[PDB]
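Residue numbers (PDB author numbering), protein chains in the order written: chain G, 812 to 860; chain D, 15 to 149, 156 to 214, 222 to 453; chain A, 12 to 141, 151 to 454.
Built from N, CA and C at the ideal position, the CB exists for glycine as well.
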Amino acid sequence: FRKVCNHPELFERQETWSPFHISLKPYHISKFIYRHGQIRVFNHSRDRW
Amino acid sequence: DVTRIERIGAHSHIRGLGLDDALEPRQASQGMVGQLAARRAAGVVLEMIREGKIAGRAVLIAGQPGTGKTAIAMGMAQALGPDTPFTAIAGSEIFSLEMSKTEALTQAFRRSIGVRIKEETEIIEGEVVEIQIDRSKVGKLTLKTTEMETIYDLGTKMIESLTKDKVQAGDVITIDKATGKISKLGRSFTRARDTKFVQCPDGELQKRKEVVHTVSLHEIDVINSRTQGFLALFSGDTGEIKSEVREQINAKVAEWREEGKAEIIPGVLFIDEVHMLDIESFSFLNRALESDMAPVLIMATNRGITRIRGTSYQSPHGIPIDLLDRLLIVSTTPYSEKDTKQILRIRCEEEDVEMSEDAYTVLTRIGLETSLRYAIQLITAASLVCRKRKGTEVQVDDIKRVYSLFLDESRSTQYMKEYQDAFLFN
Amino acid sequence: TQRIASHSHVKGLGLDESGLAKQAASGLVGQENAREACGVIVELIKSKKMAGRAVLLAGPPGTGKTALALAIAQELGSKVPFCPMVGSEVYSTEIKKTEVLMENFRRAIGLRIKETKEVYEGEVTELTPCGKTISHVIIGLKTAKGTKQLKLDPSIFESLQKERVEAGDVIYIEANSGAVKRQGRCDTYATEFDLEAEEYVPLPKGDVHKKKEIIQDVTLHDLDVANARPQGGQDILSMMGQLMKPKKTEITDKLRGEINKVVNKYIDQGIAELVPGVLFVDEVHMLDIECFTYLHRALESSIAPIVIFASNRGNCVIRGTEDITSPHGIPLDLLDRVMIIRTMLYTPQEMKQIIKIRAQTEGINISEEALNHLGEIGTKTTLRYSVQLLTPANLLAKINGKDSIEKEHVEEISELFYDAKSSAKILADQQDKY
Ligand SMILES: Nc1ncnc2c1ncn2[C@@H]1O[C@H](COP(=O)(O)OP(=O)(O)OP(=O)(O)O)[C@@H](O)[C@H]1O
Ligand SMILES: Nc1ncnc2c1ncn2[C@@H]1O[C@H](COP(=O)(O)OP(=O)(O)O)[C@@H](O)[C@H]1O
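Printed below as a string of structure tokens:
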């Protein structure tokens with residue numbers, strides 16, 4: 812009882828707070844979509860014109 | 015027990031759309047009851063969805079409020095399940111501040127048609143028995165399953181991967197051989213000493236696994252839209268996606284379909300409360316339902332002959348005849364007493380509460396006097412007064428108590444006519 | 012296989028060589044006066060002489076105003092641009108209404124550019140760079165069909181280094197475009213280490229070198245877009261292209277002046293040829309009075325595509341005018357700028373043929389008694405309702421163990437799924453409970 816009344820750091824020290832840190836799954840793109848499925852790639856010969 | 019995010023909600027009791035092979039609904043099963051006409055009709059629509067061969071098709075579920083028109087539409091989603099896209103929106107959800115009202119329907123139509131592909135991958139999986147490295157670089161790895169062991173000469177791009185990710189002897193790991201990515205599953209139980224612990228894989232180390240994968244047709248549009256597309260998929264930055272990109276992607280998927288490298292999996296759009304759409308949005312549904320990539324869509328409404336939004340014109344369902352001519356209308360019907368009591372039993376199973384048989388009778392009277400939905404809301408509050416009473420079971424005087432604590436709309440409206448000048452505006 | 016869409020049964024206008032309409036052909040039936048007239052519009056579009064000239068298909072719901080407009084697209088074929096749009100797409104939230112008209116008017120004019128495709132692919136056997153320093157890089161290629169050496173431009177070798185290519189990789193070079201892709205490491209090197217983070221591919225069984233004539237389709241709108249804003253300039257491989265979000269923009273009038281001046285230069289040099297296409301506007305009555313007053317200029321303009329409009333409204337109010345009524349929902353001063361085609365209601369004897377054509381397209385066998393009965397439903401309701409009953413009735417027939425429609429299967433569906441008329445009667449008889 813005296814410890815808390817004297818200074819609360821004698822009972823619990825104030826912790827070094829920080830935001831909660833999180834990651835999702837990486838968003839999985841199929842090899843097929845990556846090979847044949849972007850207009851930047853499959854249309855590049857047209858895009859030149 | 016613990017509670018996950020999904021808790022007991024207004025449709026949690028529906029675990030399917032209970033039907034025989036004949037597409038005839040038995041009186042009560044899979045958590046829903048009655049509606050023999052509307053559920054036989056929903057069975058036929060569920061087969062049109064599962065067949066997939068006919069494109070751009072619509073059903074409107076219509077009838078008095080509280081008659082299960084959202085219930086059969088939600089049960090149909092549970093019965094359809096994973097491995098076919100189903101997407102739901104409320105009619106006022108398309109009115110974006112950041113995107114065209116017409117484009118918001120074009121996204122909803124193309125979240126709900128899937129592309130499906132299969133790809134083969136050399137995957138290595140095992141317990142790492144030992145790993146060694148030198149100062156270019158050279159090194160050596162050993163992996164074990166319950167049925168074989170190997171040693172391996174590592175290359176440099178693996179050496180940098182194993183060392184970056186601190187792979188240690190006694191881990192159980194998956195190596196994506198095509199990509200150099202390491203996933204660690206845990207540690208072996210025999211090296212759990214000095222957390223997560225797991226047994227070694229079975230079979231051989233290097234498996235040529237086949238992965239089937241699916242991408243919504245819209246999810247291909249967003250990948251194509253930006254220097255990195257997929258961020259805009261989650262963050263909502265997808266907006267006014269350039270229609271010439273769709274003119275290409277729809278034609279590209281239309282050759283993958285027939286070169287056989289992909290197959291398209293028609294899903295469902297459930298555009299709930301359809302009477303919220305403007306005549307401008309109906310003008311889009313009039314024409315977006317007439318192309319090969321269109322899903323089947325379910326629409327639900329509870330409106331009489333009504334003013335269609337954006338005009339002074341009145342028409343059935345709150346939909347212009349323009350669009351009703353595209354579609355089939357399935358009518359729900361008002362519940363009988365038998366069906367009303369049976370829904371209350373099933374809600375009492377789903378909320379896990381006991382109540383007296385005469386309690387179910389007076390609650391069925393209340394249900395028939397108040398269009399069911401209010402009686403369903405009394406179930407929980409009656410059980411909480413029973414818990415306050417330390418009762419085993421809900422009694423008639425628990426229901427008669429709670430019926431006086433919480434008003435239905437009719438008694439609330441009637442009391443609002445006593446103090447009619449004390450409330451503001453009339 | 013392909014999915015059966017609403018208009019997948021129509022394959023053309025099906026006119027005979029005199030220009031007259033057959034009674035039933037190419038998936039269409041009846042409609043002679045309207046579809047004979049669409050023949051004259053196909054002759055107009057294929058003649059290329061005209062700009063901005065326009066047509067209005069008018070008449071009740073379920074009468075062919077979308078079917079004939081898509082039949083025109085089948086008579087033109089994939090070689091001629093046909094841009095479909097809904098009048099309700101004009102309400103963008105990033106650009107003004109008149110810009111969405113102008114973009115769609117520019118999607119309906121096509122350049123037709125010819126170039127030889129030239130692909131080299133194979134395992135790379137060597138690289139040797141040859151101011152004296154790098155005039156070119158020699159590269160050696162191998163496939164199971166043989167070998168070549170190629171003399172690369174330093175810009176292509178910069179792309180090989182972009183892809184992190186080395187000798188023993190399998191490469192695709194598109195020599196007419198400068199595209200380069202690593203397919204994988206060649207599997208003759210698959211034992212260089214027992215476990216390394218590369219994917220190995222078999223030595224290509226294809227030719228080292230392949231040629232085609234290819235024909236590129238590009239619209240004037242693709243030029244107006246791709247040249248207006250600064251490009252991303254960043255082939256993913258970057259990071260500035262993460263910061264500025266791409267968005268639609270009110271592309272200036274002047275730039276279109278220069279695109280027209282550059283395209284004129286190239287069609288004179290014979291590097292390109294032109295196909296003035298069609299813009300097809302579904303639901304034209306859903307355009308605002310401001311949009312209709314922009315078409316009072318756009319339809320005059322000496323570069324504009326042919327325009328086809330559809331409407332099904334009576335003498336209603338014009339959208340956004342507060343109180344002005346005009347036929348078809350179109351202002352009289354725009355209606356005075358279009359050739360109007362009227363569209364007829366079908367007799368039951370025409371509807372039965374449409375139901376048969378839909379059934380045999382949709383894959384349904386139907387007994388003559390049930391086909392007569394869907395003809396009777398065509399007397400009660402509308403063509404679209406009767407057509408829509410076929411697949412539902414097929415599923416009940418299939419569940420009842422037969423591969424053909426018979427009376428009780430269609431009579432079940434007729435009791436099970438309502439039309440607009442019957443459901444509107446059910447609403448009016450319970451009007452106080454909705
Ligand atoms: N002459 C025809 N022969 C065969 N089928 C036709 C014919 N004309 C129209 N159809 C049928 O009409 C149905 C609806 O298309 P239709 O062109 O009639 O739409 P519409 O009502 O005129 O268009 P909109 O809604 O924009 O006014 C389609 O299922 C199609 O099969
Ligand atoms: N057939 C049914 N079987 C079981 N529960 C039902 C059934 N029909 C309705 N319900 C319950 O009653 C509620 C009222 O029906 P609902 O579909 O929500 O009506 P509405 O959409 O018109 O508001 C449902 O949300 C559900 O809780």
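Could you tell me if residue 368 of chain D is buried or exposed, where buried requires 16 or more neighbouring beta carbons within 10 angstroms of its beta carbon? A buried status is given to residue 368 of chain D, since no fewer than 16 other beta-carbon atoms sit within 10 Å of its beta-carbon.
Assuming contact is defined by CB atoms lying nearer than 9 Å, are residue 180 of chain A and residue 170 of chain A in contact in what I supplied? Their beta carbons are not under 9 Å apart, which means residue 180 of chain A does not touch residue 170 of chain A by this criterion.
Checking the sheet assignment: what are the DSSP bridge partners for residue 189 of chain A? In DSSP, residue 189 of chain A forms a bridge with A:205.
With C-beta atoms as the reference, is residue 271 of chain D less than 9 Å away from residue 308 of chain A? In this structure, residue 308 of chain A does not lie closer than 9 Å to residue 271 of chain D by Cβ.
Under 9 Å between the Cβ atoms of residue 93 of chain A and residue 300 of chain A? Cβ atoms of residue 93 of chain A and residue 300 of chain A: closer than 9 Å.
Any Cβ of chain D within less than 9 Å of the Cβ of residue 296 of chain A? With 9 Å as the cut-off, residue 296 of chain A does not count as an interface residue toward chain D.
Any heavy atom of ligand 1 closer than 8 Å to the Cβ of residue 347 of chain D? No - ligand 1 has no heavy atom lying nearer than 8 Å to the Cβ of residue 347 of chain D.
Between the stretch 291 to 303 of chain D and the stretch 46 to 55 of chain D, can you find at least three pairs of beta-carbon atoms closer than 8 Å? Result no; under three Cβ-Cβ pairs closer than 8 Å.
Which residues in chain A have a C-beta closer than 7 Å to the C-beta of residue 178 of chain D? List them in chain order. When 7 Å is used as the limit between beta carbons, residue 178 of chain D is near these residues of chain A: 215, 216, 217, in chain order.
Beta carbon of residue 92 of chain D: closer than 8 Å to some heavy atom of ligand 2? No, Cβ of residue 92 of chain D sits at least 8 Å from all heavy atoms of ligand 2.
Would you say the beta carbon of residue 72 of chain A is closer than 8 Å to some non-hydrogen atom of ligand 1? For residue 72 of chain A, the Cβ falls inside the 8 Å cut-off from some heavy atom of ligand 1.
Based on the DSSP secondary-structure assignment, which residues constitute the bridge partners of residue 326 of chain A? In the DSSP assignment, the residues bridged to residue 326 of chain A are A:298.
Can you check whether the C-beta of residue 122 of chain A is within less than 9 Å of a C-beta belonging to chain G? Chain G contact via Cβ: present.
How about residue 269 of chain D and residue 138 of chain D: are their beta carbons less than 9 Å apart? With contacts defined as CB atoms closer than 9 Å, residue 269 of chain D and residue 138 of chain D fail to qualify as a contacting pair.
Going by DSSP, what residue range makes up the beta strand (DSSP E) through residue 195 of chain D? Bounds of the beta strand (DSSP E) holding residue 195 of chain D are 191 to 196.
Cβ of residue 429 of chain A versus every heavy atom of ligand 1: is any distance shorter than 8 Å? In this structure, ligand 1 has no non-hydrogen atom nearer than 8 Å to the beta-carbon of residue 429 of chain A.
Residues near residue 426 of chain A in its chain [Cβ-Cβ closer than 8 Å; skip 5 each side]: Cβ neighbours of residue 426 of chain A beyond the five flanking positions: 387, 389, 390, 417.
Where residue 231 of chain A sits in the DSSP three-state scheme: When secondary structure is reduced to three states using DSSP, residue 231 of chain A falls in the strand class.
Cβ-Cβ distance between residue 67 of chain A and residue 359 of chain A below 9 Å: The answer is yes: Cβ separation under 9 Å.
Best match in D:95, D:75, D:194, D:116 for proximity to residue 231 of chain D [C-alpha to C-alpha]: Ranked by Cα distance from residue 231 of chain D, the options D:95, D:75, D:194, D:116 are led by D:194.
What residues in the stretch 260 to 279 of chain D have a beta carbon less than 9 Å from any beta carbon of chain G? Cβ contacts with chain G come from 260, 261, 272, 275, 276, 279.
Alpha helix (DSSP H) containing residue 299 of chain D: first to last residue? Unbroken run through residue 299 of chain D is the beta strand (DSSP E), 295 to 299; no alpha helix (DSSP H).
Measuring only from the beta carbon, is residue 302 of chain A closer than 8 Å to any heavy atom that is part of ligand 1? Answer for residue 302 of chain A: yes, Cβ within range of ligand 1.
Would the stretch 164 to 174 of chain D count as touching the stretch 214 to 231 of chain A if we require 3 or more Cβ pairs under 8 Å? Result yes; three or more Cβ-Cβ pairs closer than 8 Å.
Ligand 1 heavy atoms versus the CB of residue 411 of chain A: any closer than 8 Å? The beta carbon of residue 411 of chain A sits no closer than 8 Å to any heavy atom of ligand 1.
Between residue 258 of chain A and chain G, is there a C-beta pair that is closer than 9 Å? Not closer than 9 Å to any Cβ of chain G, the Cβ of residue 258 of chain A fails to qualify, so no.
Hey, how far is the Cα of residue 134 of chain A from the Cα of residue 125 of chain A? Near 30 Å, if we compare the C-alpha coordinates of residue 125 of chain A and residue 134 of chain A.
Write down the C-beta distance between residue 344 of chain A and residue 338 of chain A rounded to the nearest angstrom, noting that I regard them as a contact closer than 8 Å. The pair is a contact, with the Cβ atoms about 5 Å apart (cut-off 8 Å).
Here's a check: name, in chain order, each residue in its chain whose Cβ is nearer than 6 Å to the Cβ of residue 327 of chain A, leaving out the five neighbours to either side. Contacts found: 65, 299.
Chain A within 9 Å of residue 67 of chain D, Cβ atoms only: Chain A, which has a Cβ nearer than 9 Å to the Cβ of residue 67 of chain D, makes this yes.
By alpha-carbon positions, which one of D:89, D:58, D:127 ends up nearest to residue 291 of chain D? The shortest Cα separation from residue 291 of chain D among D:89, D:58, D:127 belongs to D:127.
Alpha carbon to alpha carbon, what distance is there between residue 36 of chain D and residue 102 of chain D? Rounded to whole angstroms, residue 102 of chain D and residue 36 of chain D show a C-alpha spacing of 28 Å.
What does residue 358 of chain D touch in chain A if you count any residue whose Cβ is under 7 Å from its own? Identification of chain A residues near residue 358 of chain D by a Cβ-Cβ cut-off of 7 Å yields 438, 443, 446, ordered along the chain.
So, for residue 130 of chain D: in the same chain, excluding its five sequence neighbours on each side, which residues have a beta-carbon less than 6 Å away from its beta-carbon? Cβ within range, chain order: 241, 290, 292.
Under 9 Å between C-beta atoms of residue 325 of chain D and residue 69 of chain D: The answer is no: Cβ separation not under 9 Å.
Contacts that residue 115 of chain D makes with chain A (C-beta to C-beta distance below 9 Å): Simply 99, 102, 104.
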